[PDB]
>>> print(open('entry10.pdb').read())   # PDB, C-alpha atoms and all ligand atoms
ATOM      1  CA  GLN Y   1     -15.093  10.536  13.897  1.00  0.00           C
ATOM      2  CA  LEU Y   2     -17.400   9.309  11.081  1.00  0.00           C
ATOM      3  CA  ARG Y   3     -15.719  11.330   8.386  1.00  0.00           C
ATOM      4  CA  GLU Y   4     -14.253  10.223   5.098  1.00  0.00           C
ATOM      5  CA  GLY Y   5     -10.505  10.094   5.328  1.00  0.00           C
ATOM      6  CA  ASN Y   6      -7.856  12.390   4.086  1.00  0.00           C
ATOM      7  CA  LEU Y   7      -4.468  10.640   3.533  1.00  0.00           C
ATOM      8  CA  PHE Y   8      -2.803  14.076   3.094  1.00  0.00           C
ATOM      9  CA  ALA Y   9      -3.766  14.979   6.706  1.00  0.00           C
ATOM     10  CA  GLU Y  10      -1.212  14.349   9.398  1.00  0.00           C
ATOM     11  CA  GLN Y  11      -2.759  11.732  11.739  1.00  0.00           C
ATOM     12  CA  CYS Y  12      -5.910  10.786   9.783  1.00  0.00           C
ATOM     13  CA  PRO Y  13      -6.553   7.097  10.666  1.00  0.00           C
ATOM     14  CA  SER Y  14      -6.756   6.247   6.919  1.00  0.00           C
ATOM     15  CA  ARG Y  15      -2.920   6.287   7.023  1.00  0.00           C
ATOM     16  CA  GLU Y  16      -3.037   3.378   9.466  1.00  0.00           C
ATOM     17  CA  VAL Y  17      -5.535   1.410   7.372  1.00  0.00           C
ATOM     18  CA  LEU Y  18      -3.284   2.086   4.378  1.00  0.00           C
ATOM     19  CA  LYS Y  19      -0.262   0.736   6.296  1.00  0.00           C
ATOM     20  CA  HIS Y  20      -2.150  -2.425   7.374  1.00  0.00           C
ATOM     21  CA  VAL Y  21      -3.385  -3.324   3.878  1.00  0.00           C
ATOM     22  CA  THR Y  22      -0.167  -2.618   2.055  1.00  0.00           C
ATOM     23  CA  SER Y  23       2.425  -3.878   4.524  1.00  0.00           C
ATOM     24  CA  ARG Y  24       4.296  -6.772   3.052  1.00  0.00           C
ATOM     25  CA  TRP Y  25       2.321  -9.343   5.079  1.00  0.00           C
ATOM     26  CA  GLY Y  26      -1.046  -7.530   4.798  1.00  0.00           C
ATOM     27  CA  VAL Y  27      -0.934  -7.638   1.000  1.00  0.00           C
ATOM     28  CA  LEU Y  28      -0.135 -11.353   0.941  1.00  0.00           C
ATOM     29  CA  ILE Y  29      -2.867 -12.157   3.444  1.00  0.00           C
ATOM     30  CA  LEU Y  30      -5.391 -10.168   1.422  1.00  0.00           C
ATOM     31  CA  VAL Y  31      -4.399 -11.729  -1.911  1.00  0.00           C
ATOM     32  CA  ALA Y  32      -4.313 -15.277  -0.486  1.00  0.00           C
ATOM     33  CA  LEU Y  33      -7.804 -15.167   1.124  1.00  0.00           C
ATOM     34  CA  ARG Y  34      -9.354 -14.340  -2.279  1.00  0.00           C
ATOM     35  CA  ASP Y  35      -9.037 -18.083  -2.811  1.00  0.00           C
ATOM     36  CA  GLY Y  36     -11.123 -18.844   0.298  1.00  0.00           C
ATOM     37  CA  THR Y  37     -10.690 -19.712   3.970  1.00  0.00           C
ATOM     38  CA  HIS Y  38      -7.104 -20.409   5.175  1.00  0.00           C
ATOM     39  CA  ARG Y  39      -5.933 -21.613   8.571  1.00  0.00           C
ATOM     40  CA  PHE Y  40      -3.070 -19.761  10.225  1.00  0.00           C
ATOM     41  CA  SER Y  41      -0.731 -22.593   9.069  1.00  0.00           C
ATOM     42  CA  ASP Y  42      -1.844 -22.237   5.431  1.00  0.00           C
ATOM     43  CA  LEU Y  43      -1.000 -18.463   5.343  1.00  0.00           C
ATOM     44  CA  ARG Y  44       2.267 -19.065   7.179  1.00  0.00           C
ATOM     45  CA  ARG Y  45       3.047 -21.670   4.469  1.00  0.00           C
ATOM     46  CA  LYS Y  46       2.415 -19.558   1.337  1.00  0.00           C
ATOM     47  CA  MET Y  47       4.311 -16.608   2.807  1.00  0.00           C
ATOM     48  CA  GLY Y  48       7.920 -17.720   2.929  1.00  0.00           C
ATOM     49  CA  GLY Y  49       9.856 -15.500   5.327  1.00  0.00           C
ATOM     50  CA  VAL Y  50       7.095 -14.437   7.762  1.00  0.00           C
ATOM     51  CA  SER Y  51       7.488 -15.234  11.454  1.00  0.00           C
ATOM     52  CA  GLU Y  52       4.523 -16.424  13.590  1.00  0.00           C
ATOM     53  CA  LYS Y  53       4.552 -13.164  15.531  1.00  0.00           C
ATOM     54  CA  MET Y  54       4.415 -10.799  12.565  1.00  0.00           C
ATOM     55  CA  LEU Y  55       1.748 -12.876  10.879  1.00  0.00           C
ATOM     56  CA  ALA Y  56      -0.313 -12.849  14.090  1.00  0.00           C
ATOM     57  CA  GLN Y  57       0.214  -9.105  14.189  1.00  0.00           C
ATOM     58  CA  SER Y  58      -1.019  -8.416  10.585  1.00  0.00           C
ATOM     59  CA  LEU Y  59      -3.921 -10.825  10.988  1.00  0.00           C
ATOM     60  CA  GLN Y  60      -4.951  -8.967  14.096  1.00  0.00           C
ATOM     61  CA  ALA Y  61      -4.713  -5.436  12.560  1.00  0.00           C
ATOM     62  CA  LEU Y  62      -6.756  -6.650   9.566  1.00  0.00           C
ATOM     63  CA  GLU Y  63      -9.427  -8.266  11.756  1.00  0.00           C
ATOM     64  CA  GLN Y  64      -9.977  -5.205  13.932  1.00  0.00           C
ATOM     65  CA  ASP Y  65     -10.196  -3.092  10.757  1.00  0.00           C
ATOM     66  CA  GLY Y  66     -13.115  -5.338   9.738  1.00  0.00           C
ATOM     67  CA  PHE Y  67     -11.553  -7.158   6.807  1.00  0.00           C
ATOM     68  CA  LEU Y  68     -11.346 -10.696   8.243  1.00  0.00           C
ATOM     69  CA  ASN Y  69     -13.464 -13.301   9.912  1.00  0.00           C
ATOM     70  CA  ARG Y  70     -11.544 -15.275  12.491  1.00  0.00           C
ATOM     71  CA  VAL Y  71     -12.990 -18.629  13.630  1.00  0.00           C
ATOM     72  CA  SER Y  72     -11.408 -20.774  16.372  1.00  0.00           C
ATOM     73  CA  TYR Y  73     -11.467 -24.528  16.434  1.00  0.00           C
ATOM     74  CA  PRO Y  74     -10.303 -25.587  19.972  1.00  0.00           C
ATOM     75  CA  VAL Y  75     -10.743 -29.263  18.889  1.00  0.00           C
ATOM     76  CA  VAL Y  76      -7.570 -31.412  18.413  1.00  0.00           C
ATOM     77  CA  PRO Y  77      -5.395 -30.363  16.605  1.00  0.00           C
ATOM     78  CA  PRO Y  78      -6.601 -26.753  17.203  1.00  0.00           C
ATOM     79  CA  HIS Y  79      -6.695 -24.377  14.318  1.00  0.00           C
ATOM     80  CA  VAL Y  80      -7.800 -20.865  13.642  1.00  0.00           C
ATOM     81  CA  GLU Y  81      -9.293 -20.071  10.245  1.00  0.00           C
ATOM     82  CA  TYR Y  82      -9.423 -16.739   8.365  1.00  0.00           C
ATOM     83  CA  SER Y  83     -11.578 -15.466   5.553  1.00  0.00           C
ATOM     84  CA  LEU Y  84     -12.566 -12.076   4.107  1.00  0.00           C
ATOM     85  CA  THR Y  85     -15.611 -10.141   5.164  1.00  0.00           C
ATOM     86  CA  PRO Y  86     -17.593  -8.304   2.414  1.00  0.00           C
ATOM     87  CA  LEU Y  87     -15.671  -5.149   3.420  1.00  0.00           C
ATOM     88  CA  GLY Y  88     -12.446  -7.164   3.200  1.00  0.00           C
ATOM     89  CA  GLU Y  89     -13.349  -8.429  -0.299  1.00  0.00           C
ATOM     90  CA  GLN Y  90     -13.559  -4.794  -1.509  1.00  0.00           C
ATOM     91  CA  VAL Y  91     -10.141  -3.637  -0.270  1.00  0.00           C
ATOM     92  CA  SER Y  92      -8.603  -6.923  -1.378  1.00  0.00           C
ATOM     93  CA  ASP Y  93      -9.820  -6.275  -4.975  1.00  0.00           C
ATOM     94  CA  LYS Y  94      -7.945  -2.888  -4.759  1.00  0.00           C
ATOM     95  CA  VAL Y  95      -4.791  -4.412  -3.305  1.00  0.00           C
ATOM     96  CA  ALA Y  96      -4.785  -7.253  -5.869  1.00  0.00           C
ATOM     97  CA  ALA Y  97      -5.286  -5.025  -8.911  1.00  0.00           C
ATOM     98  CA  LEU Y  98      -2.179  -3.109  -7.715  1.00  0.00           C
ATOM     99  CA  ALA Y  99      -0.125  -6.240  -6.879  1.00  0.00           C
ATOM    100  CA  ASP Y 100      -1.067  -7.752 -10.260  1.00  0.00           C
ATOM    101  CA  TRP Y 101      -0.159  -4.554 -12.108  1.00  0.00           C
ATOM    102  CA  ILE Y 102       3.236  -4.603 -10.460  1.00  0.00           C
ATOM    103  CA  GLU Y 103       3.942  -8.323 -11.106  1.00  0.00           C
ATOM    104  CA  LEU Y 104       2.940  -7.742 -14.769  1.00  0.00           C
ATOM    105  CA  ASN Y 105       4.913  -4.502 -15.403  1.00  0.00           C
ATOM    106  CA  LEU Y 106       7.995  -5.463 -13.401  1.00  0.00           C
ATOM    107  CA  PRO Y 107      10.300  -6.051 -16.430  1.00  0.00           C
ATOM    108  CA  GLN Y 108       9.770  -2.477 -17.704  1.00  0.00           C
ATOM    109  CA  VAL Y 109      10.452  -1.193 -14.149  1.00  0.00           C
ATOM    110  CA  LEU Y 110      13.587  -3.344 -13.810  1.00  0.00           C
ATOM    111  CA  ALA Y 111      14.680  -2.261 -17.321  1.00  0.00           C
ATOM    112  CA  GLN Y 112      14.408   1.293 -15.942  1.00  0.00           C
ATOM    113  CA  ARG Y 113      16.606   0.801 -12.869  1.00  0.00           C
ATOM    114  CA  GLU Y 114      20.231   0.856 -14.192  1.00  0.00           C
TER     115      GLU Y 114
ATOM    116  CA  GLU I   1       6.650 -11.361 -14.152  1.00  0.00           C
ATOM    117  CA  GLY I   2       6.689 -10.857 -10.362  1.00  0.00           C
ATOM    118  CA  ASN I   3       5.668 -13.122  -7.488  1.00  0.00           C
ATOM    119  CA  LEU I   4       5.033 -11.283  -4.221  1.00  0.00           C
ATOM    120  CA  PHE I   5       4.737 -14.593  -2.261  1.00  0.00           C
ATOM    121  CA  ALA I   6       8.426 -15.432  -2.989  1.00  0.00           C
ATOM    122  CA  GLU I   7      10.701 -13.854  -0.354  1.00  0.00           C
ATOM    123  CA  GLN I   8      13.348 -12.503  -2.767  1.00  0.00           C
ATOM    124  CA  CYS I   9      11.124 -10.962  -5.518  1.00  0.00           C
ATOM    125  CA  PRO I  10      11.897  -7.394  -6.715  1.00  0.00           C
ATOM    126  CA  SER I  11       8.128  -6.834  -7.079  1.00  0.00           C
ATOM    127  CA  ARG I  12       8.178  -6.383  -3.267  1.00  0.00           C
ATOM    128  CA  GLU I  13      10.619  -3.408  -3.530  1.00  0.00           C
ATOM    129  CA  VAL I  14       8.517  -1.636  -6.161  1.00  0.00           C
ATOM    130  CA  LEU I  15       5.386  -2.387  -4.071  1.00  0.00           C
ATOM    131  CA  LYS I  16       7.067  -0.856  -0.994  1.00  0.00           C
ATOM    132  CA  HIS I  17       7.804   2.267  -3.076  1.00  0.00           C
ATOM    133  CA  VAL I  18       4.353   2.871  -4.555  1.00  0.00           C
ATOM    134  CA  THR I  19       2.536   2.019  -1.429  1.00  0.00           C
ATOM    135  CA  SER I  20       4.530   3.887   1.203  1.00  0.00           C
ATOM    136  CA  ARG I  21       2.696   6.775   2.827  1.00  0.00           C
ATOM    137  CA  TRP I  22       4.728   9.320   0.929  1.00  0.00           C
ATOM    138  CA  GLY I  23       4.803   7.333  -2.350  1.00  0.00           C
ATOM    139  CA  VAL I  24       0.979   7.097  -2.348  1.00  0.00           C
ATOM    140  CA  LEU I  25       0.685  10.867  -1.857  1.00  0.00           C
ATOM    141  CA  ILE I  26       3.199  11.761  -4.564  1.00  0.00           C
ATOM    142  CA  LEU I  27       1.398   9.459  -7.063  1.00  0.00           C
ATOM    143  CA  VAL I  28      -2.021  10.847  -6.190  1.00  0.00           C
ATOM    144  CA  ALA I  29      -0.891  14.543  -6.107  1.00  0.00           C
ATOM    145  CA  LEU I  30       0.796  14.375  -9.546  1.00  0.00           C
ATOM    146  CA  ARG I  31      -2.446  13.195 -11.155  1.00  0.00           C
ATOM    147  CA  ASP I  32      -3.452  16.891 -11.036  1.00  0.00           C
ATOM    148  CA  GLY I  33      -0.375  17.741 -13.112  1.00  0.00           C
ATOM    149  CA  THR I  34       3.221  18.873 -12.715  1.00  0.00           C
ATOM    150  CA  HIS I  35       4.275  19.885  -9.180  1.00  0.00           C
ATOM    151  CA  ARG I  36       7.263  21.595  -7.712  1.00  0.00           C
ATOM    152  CA  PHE I  37       9.023  19.869  -4.818  1.00  0.00           C
ATOM    153  CA  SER I  38       7.727  22.695  -2.599  1.00  0.00           C
ATOM    154  CA  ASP I  39       4.073  22.218  -3.691  1.00  0.00           C
ATOM    155  CA  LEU I  40       4.315  18.509  -2.901  1.00  0.00           C
ATOM    156  CA  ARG I  41       5.841  19.353   0.474  1.00  0.00           C
ATOM    157  CA  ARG I  42       3.087  21.757   1.502  1.00  0.00           C
ATOM    158  CA  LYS I  43       0.306  19.282   0.617  1.00  0.00           C
ATOM    159  CA  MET I  44       1.832  16.321   2.447  1.00  0.00           C
ATOM    160  CA  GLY I  45       1.143  16.837   6.166  1.00  0.00           C
ATOM    161  CA  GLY I  46       4.044  15.516   8.266  1.00  0.00           C
ATOM    162  CA  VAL I  47       6.632  14.940   5.545  1.00  0.00           C
ATOM    163  CA  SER I  48      10.308  15.896   5.909  1.00  0.00           C
ATOM    164  CA  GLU I  49      12.495  17.054   2.960  1.00  0.00           C
ATOM    165  CA  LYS I  50      14.588  13.938   3.387  1.00  0.00           C
ATOM    166  CA  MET I  51      11.587  11.531   3.227  1.00  0.00           C
ATOM    167  CA  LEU I  52       9.974  13.437   0.308  1.00  0.00           C
ATOM    168  CA  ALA I  53      13.367  13.454  -1.524  1.00  0.00           C
ATOM    169  CA  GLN I  54      13.810   9.711  -0.853  1.00  0.00           C
ATOM    170  CA  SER I  55      10.358   8.633  -2.185  1.00  0.00           C
ATOM    171  CA  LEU I  56      10.739  10.874  -5.272  1.00  0.00           C
ATOM    172  CA  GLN I  57      14.133   9.325  -6.043  1.00  0.00           C
ATOM    173  CA  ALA I  58      12.697   5.786  -5.725  1.00  0.00           C
ATOM    174  CA  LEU I  59       9.661   6.561  -7.943  1.00  0.00           C
ATOM    175  CA  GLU I  60      11.849   8.217 -10.586  1.00  0.00           C
ATOM    176  CA  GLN I  61      14.420   5.362 -10.631  1.00  0.00           C
ATOM    177  CA  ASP I  62      11.427   2.932 -11.099  1.00  0.00           C
ATOM    178  CA  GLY I  63      10.284   4.808 -14.249  1.00  0.00           C
ATOM    179  CA  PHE I  64       7.189   6.494 -12.725  1.00  0.00           C
ATOM    180  CA  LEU I  65       8.359  10.104 -12.707  1.00  0.00           C
ATOM    181  CA  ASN I  66       9.867  12.808 -14.826  1.00  0.00           C
ATOM    182  CA  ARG I  67      12.135  15.241 -13.010  1.00  0.00           C
ATOM    183  CA  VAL I  68      12.944  18.697 -14.506  1.00  0.00           C
ATOM    184  CA  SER I  69      15.565  20.885 -12.703  1.00  0.00           C
ATOM    185  CA  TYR I  70      15.465  24.669 -12.970  1.00  0.00           C
ATOM    186  CA  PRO I  71      18.964  25.739 -11.745  1.00  0.00           C
ATOM    187  CA  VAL I  72      18.060  29.464 -12.200  1.00  0.00           C
ATOM    188  CA  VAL I  73      18.154  31.308  -8.793  1.00  0.00           C
ATOM    189  CA  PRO I  74      16.235  30.390  -6.597  1.00  0.00           C
ATOM    190  CA  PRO I  75      16.598  26.811  -7.988  1.00  0.00           C
ATOM    191  CA  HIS I  76      13.564  24.563  -8.225  1.00  0.00           C
ATOM    192  CA  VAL I  77      12.581  21.057  -9.312  1.00  0.00           C
ATOM    193  CA  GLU I  78       9.382  19.900 -11.029  1.00  0.00           C
ATOM    194  CA  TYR I  79       7.859  16.411 -11.199  1.00  0.00           C
ATOM    195  CA  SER I  80       5.254  14.777 -13.381  1.00  0.00           C
ATOM    196  CA  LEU I  81       3.997  11.215 -14.087  1.00  0.00           C
ATOM    197  CA  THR I  82       5.531   9.195 -16.960  1.00  0.00           C
ATOM    198  CA  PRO I  83       2.981   7.123 -18.971  1.00  0.00           C
ATOM    199  CA  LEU I  84       4.043   4.187 -16.791  1.00  0.00           C
ATOM    200  CA  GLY I  85       3.518   6.289 -13.603  1.00  0.00           C
ATOM    201  CA  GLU I  86       0.052   7.228 -14.820  1.00  0.00           C
ATOM    202  CA  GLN I  87      -0.759   3.484 -14.877  1.00  0.00           C
ATOM    203  CA  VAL I  88       0.458   2.581 -11.354  1.00  0.00           C
ATOM    204  CA  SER I  89      -1.018   5.851 -10.082  1.00  0.00           C
ATOM    205  CA  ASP I  90      -4.555   4.804 -11.234  1.00  0.00           C
ATOM    206  CA  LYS I  91      -4.290   1.650  -9.141  1.00  0.00           C
ATOM    207  CA  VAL I  92      -2.738   3.499  -6.294  1.00  0.00           C
ATOM    208  CA  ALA I  93      -5.397   6.292  -6.342  1.00  0.00           C
ATOM    209  CA  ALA I  94      -8.280   3.732  -6.565  1.00  0.00           C
ATOM    210  CA  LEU I  95      -6.905   2.172  -3.365  1.00  0.00           C
ATOM    211  CA  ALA I  96      -6.315   5.541  -1.633  1.00  0.00           C
ATOM    212  CA  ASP I  97      -9.863   6.646  -2.513  1.00  0.00           C
ATOM    213  CA  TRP I  98     -11.490   3.358  -1.342  1.00  0.00           C
ATOM    214  CA  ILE I  99      -9.695   3.615   2.004  1.00  0.00           C
ATOM    215  CA  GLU I 100     -10.708   7.227   2.560  1.00  0.00           C
ATOM    216  CA  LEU I 101     -14.304   6.559   1.418  1.00  0.00           C
ATOM    217  CA  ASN I 102     -14.710   3.492   3.598  1.00  0.00           C
ATOM    218  CA  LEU I 103     -12.942   4.873   6.665  1.00  0.00           C
ATOM    219  CA  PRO I 104     -16.253   5.194   8.680  1.00  0.00           C
ATOM    220  CA  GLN I 105     -17.006   1.450   8.366  1.00  0.00           C
ATOM    221  CA  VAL I 106     -13.429   0.595   9.422  1.00  0.00           C
ATOM    222  CA  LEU I 107     -13.647   2.789  12.514  1.00  0.00           C
ATOM    223  CA  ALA I 108     -17.045   1.253  13.411  1.00  0.00           C
ATOM    224  CA  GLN I 109     -15.463  -2.249  13.341  1.00  0.00           C
ATOM    225  CA  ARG I 110     -12.619  -0.988  15.524  1.00  0.00           C
ATOM    226  CA  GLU I 111     -14.839  -0.044  18.497  1.00  0.00           C
ATOM    227  CA  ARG I 112     -16.616  -3.461  18.627  1.00  0.00           C
TER     228      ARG I 112
HETATM  229 CL    CL Y 201      -4.108 -22.691  12.576  1.00  0.00          CL
HETATM  230 CL    CL Y 202      10.808  23.265  -5.659  1.00  0.00          CL
END
>>> encode(input="entry10.pdb", output="structure tokens")
Amino acid sequence: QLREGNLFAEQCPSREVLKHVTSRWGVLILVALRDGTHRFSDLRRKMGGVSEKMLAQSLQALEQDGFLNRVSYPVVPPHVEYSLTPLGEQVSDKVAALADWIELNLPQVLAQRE
Amino acid sequence: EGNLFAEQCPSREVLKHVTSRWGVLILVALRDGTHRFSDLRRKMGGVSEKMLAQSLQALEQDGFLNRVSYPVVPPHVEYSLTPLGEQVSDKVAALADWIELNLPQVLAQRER
């Protein structure tokens, strides 16, 4: 279906894309790669609290969405490296503006919760 | 200031709230103006009363929403964006719109 999405529609696939890019690991992946290529072990390092499995699972959902390049190096020690595609750069700009806004306006939000 | 990379940062909770499926829809719908609970509910395909009530409570406790109760019979409740909710909403709506706009390219990468 080559339509534009409608998030208000029950079962539009944009809801899935939205979930992938704003899940707690998807956001961190997308913000981190703005700095450049990272190996699996570099992401896993910055993101305290993520298991291997859940990281593999976000990285995979983001790659099949078209946001990441994944390059294998079977050479010893083996690594897999990740970077953003041009499409992935766009969404990442949107995710980062939001993440930044939140980090910056947190004290007013916390001062609200009482 | 927040740090989303740190496992215990409250920025993660607020992020969860503005970025949930229902939270995104509430923040985008209210950009049109004040809505009743029932008008939100009819726009958001698949939402339960419980889930709609839960996201609205979280967005109001964060400072993003005004709630006005009309206890007259039949009772109703109205929501609008605070100035602060207008600001997160802009960033949320820009993200919602990019995703919907670029959905065709995403689906094309899925089939490959
Ligand atoms: Cl690796
Ligand atoms: Cl109502």
>>> residues_near_ligand(input="entry10.pdb", ligand="ligand CL 201 (chain Y)", cutoff="7 Å", atoms="only C-alpha atoms and all ligand atoms", output="list in words")
residues 39, 40, 41, 78, 79, 80 and 81 of chain Y
>>> atom_distance(input="entry10.pdb", atom1="CA of residue 97 in chain Y", atom2="CA of residue 27 in chain Y")
11.1 Å
>>> residues_near_ligand(input="entry10.pdb", ligand="ligand CL 202 (chain Y)", cutoff="10 Å", atoms="all atoms listed in the file", output="number ranges by chain")
I: 35-41, 69-70, 74-79
>>> closest_residue(input="entry10.pdb", among="I:101, I:81, I:72, I:15", to="residue 32 in chain I", atoms="all atoms listed in the file")
I:81
>>> residues_around(input="entry10.pdb", residues="residue 14 in chain I", least_positions_apart="5", cutoff="10 Å", atoms="only C-alpha atoms", output="MDAnalysis selection string")
(chainID Y and resid 99 102:103 106 109:110) or (chainID I and resid 9 19 58:59 62)
>>> resolve_selection(input="entry10.pdb", expression="the PyMOL selection byres (((chain I and resi 4) around 10) and not hetatm)", output="JSON, numbers by chain")
{"Y": [24, 25, 27, 28, 31, 47, 99, 100, 102, 103], "I": [2, 3, 5, 6, 7, 8, 9, 10, 11, 12, 13, 15]}
>>> interface_residues(input="entry10.pdb", of="chain Y", to="chain I", cutoff="8 Å", atoms="all atoms listed in the file", output="PyMOL selection string")
chain Y and resi 1-10+13-15+17-19+22-24+28+46-49+64-66+91+94-95+97-99+101-107+109-110+112-113
>>> build_atoms(input="entry10.pdb", residues="range 5-24 of chain I", atoms="N, CA, C and O atoms", output="mmCIF file, in the coordinates of the input")
data_model
loop_
_atom_site.group_PDB
_atom_site.id
_atom_site.type_symbol
_atom_site.label_atom_id
_atom_site.label_comp_id
_atom_site.auth_asym_id
_atom_site.auth_seq_id
_atom_site.Cartn_x
_atom_site.Cartn_y
_atom_site.Cartn_z
ATOM 1 N N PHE I 5 4.627 -13.523 -3.281
ATOM 2 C CA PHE I 5 4.737 -14.593 -2.261
ATOM 3 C C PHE I 5 6.167 -15.138 -2.021
ATOM 4 O O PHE I 5 6.479 -15.627 -0.925
ATOM 5 N N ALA I 6 7.020 -15.020 -3.043
ATOM 6 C CA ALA I 6 8.426 -15.432 -2.989
ATOM 7 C C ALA I 6 9.258 -14.405 -2.234
ATOM 8 O O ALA I 6 9.234 -13.217 -2.591
ATOM 9 N N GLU I 7 10.008 -14.834 -1.215
ATOM 10 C CA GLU I 7 10.701 -13.854 -0.354
ATOM 11 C C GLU I 7 11.681 -12.900 -1.046
ATOM 12 O O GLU I 7 11.772 -11.719 -0.658
ATOM 13 N N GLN I 8 12.364 -13.370 -2.089
ATOM 14 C CA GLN I 8 13.348 -12.503 -2.767
ATOM 15 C C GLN I 8 12.912 -11.728 -4.043
ATOM 16 O O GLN I 8 13.783 -11.242 -4.795
ATOM 17 N N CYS I 9 11.601 -11.570 -4.269
ATOM 18 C CA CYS I 9 11.124 -10.962 -5.518
ATOM 19 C C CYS I 9 11.182 -9.434 -5.532
ATOM 20 O O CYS I 9 10.646 -8.786 -4.632
ATOM 21 N N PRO I 10 11.831 -8.854 -6.562
ATOM 22 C CA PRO I 10 11.897 -7.394 -6.715
ATOM 23 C C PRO I 10 10.532 -6.679 -6.772
ATOM 24 O O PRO I 10 10.467 -5.474 -6.520
ATOM 25 N N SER I 11 9.464 -7.405 -7.102
ATOM 26 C CA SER I 11 8.128 -6.834 -7.079
ATOM 27 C C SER I 11 7.808 -6.255 -5.688
ATOM 28 O O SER I 11 7.109 -5.247 -5.588
ATOM 29 N N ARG I 12 8.342 -6.881 -4.632
ATOM 30 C CA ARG I 12 8.178 -6.383 -3.267
ATOM 31 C C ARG I 12 8.774 -4.983 -3.072
ATOM 32 O O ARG I 12 8.182 -4.195 -2.354
ATOM 33 N N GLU I 13 9.922 -4.689 -3.699
ATOM 34 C CA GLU I 13 10.619 -3.408 -3.530
ATOM 35 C C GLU I 13 9.780 -2.314 -4.195
ATOM 36 O O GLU I 13 9.517 -1.276 -3.588
ATOM 37 N N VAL I 14 9.334 -2.572 -5.431
ATOM 38 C CA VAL I 14 8.517 -1.636 -6.161
ATOM 39 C C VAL I 14 7.178 -1.425 -5.432
ATOM 40 O O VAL I 14 6.708 -0.318 -5.342
ATOM 41 N N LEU I 15 6.606 -2.480 -4.882
ATOM 42 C CA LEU I 15 5.386 -2.387 -4.071
ATOM 43 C C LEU I 15 5.568 -1.500 -2.849
ATOM 44 O O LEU I 15 4.722 -0.674 -2.563
ATOM 45 N N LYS I 16 6.671 -1.695 -2.129
ATOM 46 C CA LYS I 16 7.067 -0.856 -0.994
ATOM 47 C C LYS I 16 7.113 0.639 -1.392
ATOM 48 O O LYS I 16 6.635 1.516 -0.656
ATOM 49 N N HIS I 17 7.624 0.909 -2.587
ATOM 50 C CA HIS I 17 7.804 2.267 -3.076
ATOM 51 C C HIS I 17 6.502 2.924 -3.468
ATOM 52 O O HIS I 17 6.387 4.118 -3.301
ATOM 53 N N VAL I 18 5.543 2.186 -4.038
ATOM 54 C CA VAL I 18 4.353 2.871 -4.555
ATOM 55 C C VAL I 18 3.292 2.958 -3.480
ATOM 56 O O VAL I 18 2.291 3.629 -3.621
ATOM 57 N N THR I 19 3.555 2.301 -2.375
ATOM 58 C CA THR I 19 2.536 2.019 -1.429
ATOM 59 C C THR I 19 2.918 2.601 -0.070
ATOM 60 O O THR I 19 2.109 2.601 0.862
ATOM 61 N N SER I 20 4.149 3.135 0.028
ATOM 62 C CA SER I 20 4.530 3.887 1.203
ATOM 63 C C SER I 20 3.639 5.130 1.308
ATOM 64 O O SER I 20 3.057 5.602 0.310
ATOM 65 N N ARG I 21 3.531 5.638 2.525
ATOM 66 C CA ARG I 21 2.696 6.775 2.827
ATOM 67 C C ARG I 21 3.020 7.934 1.906
ATOM 68 O O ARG I 21 2.144 8.555 1.356
ATOM 69 N N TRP I 22 4.304 8.224 1.752
ATOM 70 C CA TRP I 22 4.728 9.320 0.929
ATOM 71 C C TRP I 22 4.594 9.008 -0.577
ATOM 72 O O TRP I 22 4.167 9.872 -1.332
ATOM 73 N N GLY I 23 4.896 7.772 -0.973
ATOM 74 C CA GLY I 23 4.803 7.333 -2.350
ATOM 75 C C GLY I 23 3.354 7.428 -2.859
ATOM 76 O O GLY I 23 3.090 7.856 -3.998
ATOM 77 N N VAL I 24 2.425 7.033 -2.006
ATOM 78 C CA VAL I 24 0.979 7.097 -2.348
ATOM 79 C C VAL I 24 0.587 8.550 -2.611
ATOM 80 O O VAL I 24 -0.058 8.851 -3.575
#
